[PDB]
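Only one structure is covered here, and it is reproduced in the block below.
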Amino acid sequence: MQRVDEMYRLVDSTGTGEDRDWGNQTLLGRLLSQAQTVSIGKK
Amino acid sequence: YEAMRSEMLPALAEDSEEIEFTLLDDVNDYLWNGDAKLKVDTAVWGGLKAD
Amino acid sequence: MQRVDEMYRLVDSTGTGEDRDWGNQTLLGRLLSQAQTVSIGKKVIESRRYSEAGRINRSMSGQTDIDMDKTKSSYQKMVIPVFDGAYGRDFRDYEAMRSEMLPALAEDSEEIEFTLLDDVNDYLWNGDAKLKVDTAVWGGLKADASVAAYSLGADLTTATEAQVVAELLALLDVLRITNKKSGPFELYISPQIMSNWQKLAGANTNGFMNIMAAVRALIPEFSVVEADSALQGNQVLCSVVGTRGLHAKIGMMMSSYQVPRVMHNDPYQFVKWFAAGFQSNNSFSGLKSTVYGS
């Protein structure tokens with residue numbers, strides 16, 4: 001690692017993600033928490 | 001992926017938490033805008049601002 | 001298990017394939033036994049070559065302001081490609097041939113692995129210009145810019161005893177004089193020359209172990225003097241092997257596996273693959289280390 005021509009860069013590998021919105025999925029977060037579960041195939 | 005396993009850089013882990021956000025985003029585009037292309041007999045949805 | 005019109009016949013299994021060659025993989029058998037193993041995915045292996053240093057000063061009293069130095073650096077790069085090969089039969093055939101317990105796999109996984117290395121042996125001498133990452137081509141042991149080219153004057157297939165040693169030292173002095181290299185060398189001959197160097201000059205003038213007469217008696221620097229079928233005709237090659245000279249780095253060692261069968265009529269298939277790369281060492285000062293004769 002770190003070719004001695006450079007050797008001066010502490011390159012980090014964390015990522016620091018990507019933020020959400022403030023009010024992105026507030027309605028859908030309430031519907032999918034009170035939802036009834038049916039079987040697949042029932043269209 | 002065998003190269004990025006050597007440097008211990010997580011790259012599939014930064015995709016499980018980036019599709020699951022996008023998958024719950026286009027089920028959010030179906031709530032607020034609907035889709036007319038999914039109709040069985042008369043059960044369209046149309047969207048929360050055109051139904 | 002036999003007819004009655006074929007009881008005199010005694011067809012025996014465990015046959016033979018083909019005998020390889022005279023000196024087939026002698027050089028590659030030495031490189032891949034001293035090779036360093038790196039991880040897969042590393043396509044370019046840049047290595048460092050520092051310089052020499054130091055200013056000294058003599059004195060009688062000894063206190064004359066001792067003076068310091070350090071070393072510079074530069075890099076030289078190689079490349080690691082991947083080789084692969086496969087083989088396979090159908091479903092109705094292999095169930096017919098298996099009822100007599102014929103070792104048909106061992107007469108195929110030894111005759112595909114052999115021609116797998118026989119394409120690596122082609123990449124060593126006539127390496128393809130199709131695998132280049134940034135500037136790390138290989139080019140081959142007879143066309144590279146990292147290999148010293150030296151033209152022979154006298155044909156080594158028809159010359160006498162005296163013109164051989166007079167034109168073998170002129171090859172070795174492109175490593176001791178104009179390229180400053182030292183250490184244990186070795187020498188690789190084409191078989192048409194070695195059929196001449198034993199035709200005369202050996203079994204006609206005193207004999208005495210002409211292979212080893214320039215190994216530990218007269219020339220201790222020539223460690224191994226063997227033939228190689230990749231050189232054909234009037235061509236030789238002298239170089240250093242080891243980490244300071246011609247060396248090889250293995251990406252993934254030679255492994256094999258079977259493609260699994262899903263249905264009942266899936267054909268049998270097996271895959272062998274391999275990955276390694278070659279480079280001849282240059283110094284920091286630009287001193288080459290391999291000579292290819294004509």
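Here, A, B, ... name the chains of the structure tokens in the order displayed, residue numbers run from 1 inside each chain, and ligands are numbered from 1 in the same displayed order.
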Determine which residues of chain C sit within 12 Å of chain A, taking into account only C-alpha atoms, and present them as a PyMOL selection string.
chain C and resi 42+45-50+72-76
Using only C-alpha atoms, determine which residues of chain A fall within 9 Å of chain B; present them as a VMD selection string.
chain A and resid 13 to 15 17 24 to 25 27 to 28 43
Once DSSP has gone over the backbone, tell me which residues of stretch 64-259 of chain C are in strand (DSSP E), as a PyMOL selection string.
chain C and resi 75-77+82-89+148-150+185-189+222-227+236-240+246-258
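Nearest to chain B of all the residues C:38, C:81, C:9, C:28 is C:38, based on only C-alpha atoms.
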With a cut-off of 10 Å and counting only C-alpha atoms, select all residues of chain B in contact with chain C and give the selection as a ChimeraX atom specification.
/B:1-6
Take the residues from that selection and write them out as a compact mmCIF listing (two decimals), in the first residue's frame, keeping N, CA and C atoms.
```txt
# COMPACT_ATOMS: atom_id res chain seq x y z
N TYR B 1 -14.85 -7.20 -7.11
CA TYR B 1 -15.25 -7.47 -5.74
C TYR B 1 -14.19 -8.24 -4.97
N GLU B 2 -13.41 -9.07 -5.66
CA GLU B 2 -12.28 -9.71 -4.99
C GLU B 2 -11.15 -8.73 -4.72
N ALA B 3 -11.06 -7.65 -5.50
CA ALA B 3 -10.08 -6.62 -5.21
C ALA B 3 -10.52 -5.76 -4.04
N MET B 4 -11.80 -5.40 -3.99
CA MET B 4 -12.30 -4.56 -2.91
C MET B 4 -12.50 -5.33 -1.62
N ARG B 5 -12.46 -6.67 -1.67
CA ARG B 5 -12.36 -7.47 -0.46
C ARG B 5 -10.98 -7.41 0.17
N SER B 6 -9.95 -7.07 -0.60
CA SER B 6 -8.60 -7.03 -0.05
C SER B 6 -8.40 -5.80 0.83
```
I'd like the neighbourhood of residue C:275 as a ChimeraX atom specification, where a residue qualifies if any of its atoms comes within 8 Å (using only C-alpha atoms), though same-chain residues fewer than 6 positions away should be ignored.
/C:80-83,250-254
Run DSSP on the backbone and tell me which residues of chain A come out as alpha helix (DSSP H); list them as a VMD selection string.
chain A and resid 26 to 31
The distance between atom CA of residue C:221 and atom CA of residue C:186 is 7.6 Å
Using only C-alpha atoms, determine which residues lie at most 8 Å from residue B:36, disregarding the query and same-chain residues fewer than 5 positions distant; provide the list as an NGL selection string.
:B and (44-46)
One-decimal distance in Å that lies between atom CA of residue C:100 and atom CA of residue C:14:
12.3 Å
One number please: atom CA of residue C:276 to atom CA of residue C:144, in Å, one decimal.
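So the answer is 17.9 Å.
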